[PDB]
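Note: ideal-geometry Cβ built from the backbone for every residue, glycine included; neighbour counts use all protein chains shown. Coordinate-derived values only; no laboratory data.
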Amino acid sequence: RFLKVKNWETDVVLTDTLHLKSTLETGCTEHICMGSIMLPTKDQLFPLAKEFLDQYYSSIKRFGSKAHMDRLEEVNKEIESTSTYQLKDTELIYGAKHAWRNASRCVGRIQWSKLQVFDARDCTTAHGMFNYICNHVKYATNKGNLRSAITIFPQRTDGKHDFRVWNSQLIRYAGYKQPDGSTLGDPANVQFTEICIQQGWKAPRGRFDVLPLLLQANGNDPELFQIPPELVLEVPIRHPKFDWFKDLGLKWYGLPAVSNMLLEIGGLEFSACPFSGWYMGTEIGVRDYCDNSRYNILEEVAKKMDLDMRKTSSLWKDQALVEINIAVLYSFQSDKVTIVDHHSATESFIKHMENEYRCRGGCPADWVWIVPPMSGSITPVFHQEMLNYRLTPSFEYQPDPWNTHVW
Amino acid sequence: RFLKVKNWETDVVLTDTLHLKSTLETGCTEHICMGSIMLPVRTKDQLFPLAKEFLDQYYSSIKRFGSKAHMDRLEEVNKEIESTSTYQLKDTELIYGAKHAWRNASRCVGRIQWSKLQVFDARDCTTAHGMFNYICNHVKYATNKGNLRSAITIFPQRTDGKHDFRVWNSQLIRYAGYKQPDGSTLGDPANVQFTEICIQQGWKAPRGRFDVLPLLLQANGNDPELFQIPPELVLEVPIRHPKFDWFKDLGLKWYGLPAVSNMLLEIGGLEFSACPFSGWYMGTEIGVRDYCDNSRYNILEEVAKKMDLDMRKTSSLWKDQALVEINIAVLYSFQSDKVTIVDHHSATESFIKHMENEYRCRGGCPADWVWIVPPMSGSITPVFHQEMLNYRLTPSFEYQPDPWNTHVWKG
Ligand code: HEM
Ligand code: HEM
Ligand SMILES: Cc1cc(N)nc(C[C@@H]2CNC[C@@H]2OCCNCC(F)(F)c2cc(F)cc(Cl)c2)c1
Ligand SMILES: Cc1cc(N)nc(C[C@@H]2CNC[C@@H]2OCCNCC(F)(F)c2cc(F)cc(Cl)c2)c1
Ligand SMILES: C[C@H](O)[C@H](O)[C@H]1CNc2nc(N)[nH]c(=O)c2N1
Ligand SMILES: C[C@H](O)[C@H](O)[C@H]1CNc2nc(N)[nH]c(=O)c2N1
Ligand SMILES: [Zn+2]
């Protein structure tokens with residue numbers, strides 16, 4: 001019931017109580033651990049609402065007070081009558097900040113309380129969604145000085161009227177499958193890029209074509225908009241020592257902004273809720289550039305470094321991987337665009353864990369996602385035991401709209 | 001029930017039915033995952049089921065399930081248990097058990113080799129001295145002048161838990177650690193407390209940076225005894241770098257033979273508390289963990305300091321740079337000396353091929369992702385992108401408490 005986590009490099013031991021207030025299910029049983037799997041009515045709604053409003057009034061040192069009871073009463077009357085309810089602004093802000101606080105896969109949660117929340121619940125059309133999103137992008141980007149933000153569109157109703165951003169991130173490069181069999185641009189986005197062109201996007205057919213936004217309002221068929229080019233901050237990738245690096249022609253965008261997730265607050269579901277912070281360097285330099293199914297650039301870089309590529313044991317992949325990452329960080333830093341390296345980010349997360357064990361009694365963390373994809377064991381998180389569990393308010397992953405939607 | 005795993009790089013999907021034969025618990029629940037937690041006397045009553053399950057597994061493997069030999073063996077074990085409260089494995093059963101414990105070891109990336117394992121039956125051993133001799137033979141056989149061969153030595157099983165055989169060392173070969181009055185450590189920090197016990201037991205410590213520890217061996221629940229492994233049996237590799245000639249001047253070496261001695265082998269309910277086993281190294285264990293953990297030899301700074309990296313900001317990735325070079329050195333060194341080593345690219349690709357083969361032929365392969373993914377270069381190895389299911393099959397190896405915490409000293 002009270003569980004220990006031990007750090008194997010420091011011997012520091014933390015006691016978790018927070019897990020007892022664990023809402024959802026992990027995917028694991030007593031018989032089988034699924035820790036590495038990517039995807040492991042009016043009745044239900046009121047306990048859900050009450051549970052949230054209880055943590056809310058608790059957080060503002062007002063538990064069991066008249067204002068608390070009053071609100072619980074009000075929301076109950078609204079549900080019985082309308083079959084749903086509306087969050088107060090303060091509740092909405094608190095809930096978004098907490099969905100981030102509870103994101104067990106996020107290493108950057110030291111920043112959780114600095115989240116600017118944009119209430120787009122009055123939005124009604126795709127063009128409105130677009131105006132809201134351009135504003136989110138410009139705000140968050142801040143000429144390179146990135147600020148965290150989320151924009152929250154209208155909540156689910158009968159489920160026939162959802163708002164969705166069809167893009168998985170607000171900003172991403174196009175992918176096209178080519179005559180000669182290989183892939184131009186980002187292979188991750190081949191499918192999406194095609195749905196855009198079939199919806200009428202005129203693709204430049206390049207390698208770093210910023211995709212158009214595909215926006216669904218009120219369960220309507222989605223529409224295409226180009227983000228204003230001057231809003232998309234991009235970074236040319238060079239190396240502080242390899243003059244030839246620039247010649248690969250690599251760029252990446254400054255703003256990471258996940259736009260396919262579902263925000264659940266007090267039982268209510270915000271299906272379109274694009275959010276953003278800033279990059280950890282390894283995301284671009286390890287995953288985006290080096291994943292085999294991504295830009296897959298290790299071979300080309302290794303070659304330019306003239307390494308021994310004939311045997312795996314010369315560790316040429318490993319050498320090239322590091323230089324690529326040095327270059328990502330160098331470039332962002334030189335262009336004064338916010339970026340964190342895996343060392344400083346994981347250091348921050350350990351500090352954040354300790355604060356959360358101290359102040360909150362725990363911190364849900366998913367070790368498989370928290371430990372960076374290169375240099376694991378030289379980051380502190382590697383040696384930190386973590387417990388993973390599902391708390392609410394939360395972000396949840398949801399089916400691609402094109403699977404669900406009918407035209 | 002069927003369970004599917006996906007590989008996110010290749011989109012291959014696999015179906016696990018084997019988890020249905022899972023016995024022990026994981027530590028996880030529907031409410032909590034403990035997947036990153038390191039550690040998440042019997043009676044007759046609980047023992048015959050365990051014996052039965054095992055012998056059923058053994059008799060299936062040889063295509064004799066249900067045969068008279070199978071039934072006679074069931075009755076004979078049954079009878080042995082009712083009459084003595086335990087039973088004795090046949091050689092063939094011991095071999096098969098010890099092989100399947102390795103096969104079922106979900107934290108082992110090396111398991112493609114599980115079927116080629118040399119089993120040494122040491123169930124006739126009675127004394128510590130006898131234990132030493134068995135262990136020297138194991139080491140010489142496994143080492144094989146650098147052409148390493150996997151092997152296990154199996155000492156007598158637990159009886160009443162008062163007469164346990166134990167190897168007090170966590171591995172047969174490891175370097176001493178000595179904690180200094182100034183708060184620094186000479187040698188391996190991991191081995192400090194164990195070095196202390198050894199010295200209290202009368203070991204004459206050389207007090208150098210790479211002193212091979214003496215075996216401390218417990219037979220039949222007796223107080224443990226010190227033995228020096230014959231140094232001509234301890235193969236060691238001096239560490240040098242192919243391009244950097246100052247690398248050798250750091251003074252580093254390592255032993256070639258990784259040999260885990262502190263684990264508990266369970267077969268058909270029987271508990272073998274001393275079953276030292278050995279394979280060969282994956283380079284990252286030495287290069288990443290042994291040399292670069294802050295709590296171990298911690299050499300990252302000296303290497304980067306000598307490489308003249310920019311060490312004033314983490315974002316220069318100086319630690320990452322030095323880490324690669326150290327790892328290049330260890331593989332280069334082992335290879336130049338003709339000591340068996342595998343790099344993590346090669347070992348994880350072999351593991352993926354083993355894992356798929358097992359799904360086809362066995363119906364699954366329990367694997368622990370947190371352990372199988374190498375401690376550097378995670379995502380450029382195929383295991384990173386591989387969904388895995390972790391569960392516990394027997395026979396199995398288990399962690400067991402260090403013996404100096406439990407031992408009743410007889411004086
Ligand atoms: C401010 C700097 C931030 C950093 C450095 C950061 C870091 C990261 C990283 C490295 C990941 C792993 C993602 C992946 O590998 O795809 C991640 C996942 C995630 N983070 Fe953050 N984060 C930041 C801000 C945010 C914000 C503002 C939110 C939401 C309000 C958020 C919520 C999440 C969620 C929900 C995931 C899991 C996404 C998924 O399952 O695909 N993070 N974070
Ligand atoms: C053939 C060469 C082998 C290689 C390259 C290999 C690879 C590895 C590696 C890299 C680990 C992680 C060790 C750590 O991080 O502490 C490991 C764990 C393990 N291996 Fe192997 N292995 C080999 C042979 C064997 C053999 C012969 C056995 C037993 C018969 C075995 C059973 C285990 C067990 C039980 C673990 C978990 C150890 C623990 O929980 O502390 N392996 N393997
Ligand atoms: C099937 C599936 C499930 C799931 N939960 N996530 C994914 C998305 C997969 C999971 N890792 C790769 C891909 O997403 C990349 C986007 N996520 C993080 C980010 F890059 F956008 C990001 C980074 C950062 F530093 C800050 C923020 Cl706010 C966002 C796929
Ligand atoms: C608390 C705890 C639990 C547990 N199950 N294991 C450990 C042992 C911990 C786990 N990593 C650090 C310490 O291992 C020392 C032995 N390392 C494995 C090996 F070197 F012996 C080895 C490597 C190889 F490739 C092949 C073999 Cl056969 C053996 C500690
Ligand atoms: C907390 C965590 O489980 C612990 O640091 C683990 C992580 N993964 C590991 N993986 C391997 N192969 N060996 C280890 O010692 C560890 N340590
Ligand atoms: C199968 C496995 O879960 C998958 O490869 C995961 C591993 N860890 C990850 N970690 C992060 N941060 N992001 C990811 O996309 C993944 N992918
Ligand atoms: Zn689990």
Which whole number gives the average count of other chain Cβ atoms within 10 Å of the Cβ atoms across peptide A:16-29? 3
For segment A:82-154, what mean projected area does the convex hull of the alpha carbons give, in nm²? 6.2 nm²
What residues qualify as long-range amide H neighbours of B:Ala151, i.e. H under 5 Å apart, gap of 5 or more or another chain, H built at 1.01 Å from N? B:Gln118, B:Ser278
With +1 on each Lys and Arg Cβ and -1 on each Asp and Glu Cβ, and nothing else charged, work out how big the dipole of segment B:303-357 is about its Cα centre, in Debye to the nearest 20. 280 debye
Charges only on Cβ, +1 for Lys and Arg, -1 for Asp and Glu: so what's the dipole of chain A about the Cα centre, in debye to the nearest 20? 680 debye
Once amide hydrogens are built 1.01 Å from N within the peptide plane, the residues lying 5 or more places from A:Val235 or on another chain with amide H under 5 Å from its amide H are A:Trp252, A:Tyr253, A:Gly254
Cα-Cα longer than 22 Å, checked against A:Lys251/B:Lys243; A:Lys304/B:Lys313; B:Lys248/B:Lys338; A:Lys241/A:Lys351; B:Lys145/B:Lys306, kept in input order, equals A:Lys251/B:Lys243; A:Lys304/B:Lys313; A:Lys241/A:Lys351; B:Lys145/B:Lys306
Please list, ordered by chain and number, the residues whose modelled amide H lies under 5 Å from the amide H of B:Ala259; skip anything fewer than 5 residues away on the same chain. B:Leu172, B:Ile173
Can you divide the C-alpha Rg of segment A:115-193 by 2.2 N^0.38 Å and report the result to two decimal places? 1.39
When the Kirkwood radius is taken over all Cα pairs of chain B, what Stokes-Einstein diffusion coefficient follows at 37 °C and 0.692 mPa s, in µm²/s? 142 µm²/s
To the nearest µm²/s, what D does Stokes-Einstein give for segment B:192-243 at 37 °C and 0.692 mPa s, using the Kirkwood radius over alpha carbon pairs as Rh? 251 µm²/s
What percentages make up the Cα-Cα pair-distance distribution of segment B:1-144 when the bins are 5 Å wide from 0? 2, 7, 10, 14, 18, 16, 14, 11, 6, 3, 1, 0
Can you bin the protein assembly as shown into rounded, prolate or oblate? Criterion: square roots of the alpha carbon gyration tensor eigenvalues sorted a ≥ b ≥ c, rounded for a/c under 1.5, prolate for a/b above b/c, oblate for the rest. prolate
Phi-derived 3J(HN,Hα) across segment A:388-394 with the Karplus relation (6.51, -1.76, 1.60, θ = phi - 60°), rounded Hz, x for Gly and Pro, is 10, 7, 9, 10, 10, x, 9
What ³J(HN,Hα) values, in whole Hz, does the Karplus curve 6.51 cos²θ - 1.76 cosθ + 1.60 give for segment B:131-138 when θ = phi - 60°, with x put for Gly and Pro? 5, 3, 5, 3, 6, 3, 4, 4
Which whole number gives the average, over all residues in A:293-300, of C-beta atoms from other chains lying within 10 Å of the residue C-beta? 1
Going Cα to Cα from A:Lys77, which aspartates and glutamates come in below 17 Å? Please leave out same-chain ones fewer than 8 positions away. A:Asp43, A:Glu51, A:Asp54
Show log10 I(q)/I(0) for segment B:309-411 at q = 0.14, 0.23, 0.24 Å⁻¹, two decimals, from a solvent-free Debye sum over equal Cα scatterers. -0.83, -1.21, -1.25
Based on Cβ point charges of +1 for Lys and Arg and -1 for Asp and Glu, what charge dipole magnitude is obtained for the protein assembly as shown about its Cα centre, in debye rounded to the nearest 20? 620 debye
Given q = 0.17, 0.19, 0.22 Å⁻¹, what are the Debye log10 I(q)/I(0) values for segment A:183-310, with equal point scatterers placed on the Cα positions and solvent ignored? -1.09, -1.29, -1.54
In whole Hz, what ³J(HN,Hα) sequence does segment A:346-359 give by Karplus (6.51, -1.76, 1.60; θ = phi - 60°), x for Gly and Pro? 5, 3, 4, 5, 4, 4, 5, 4, 4, 4, 5, 5, 5, 8
Farthest toward positive dipole pole in the protein assembly as shown [+1 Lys/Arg, -1 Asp/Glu at C-beta], among A:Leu214, B:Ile286, A:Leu170: B:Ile286
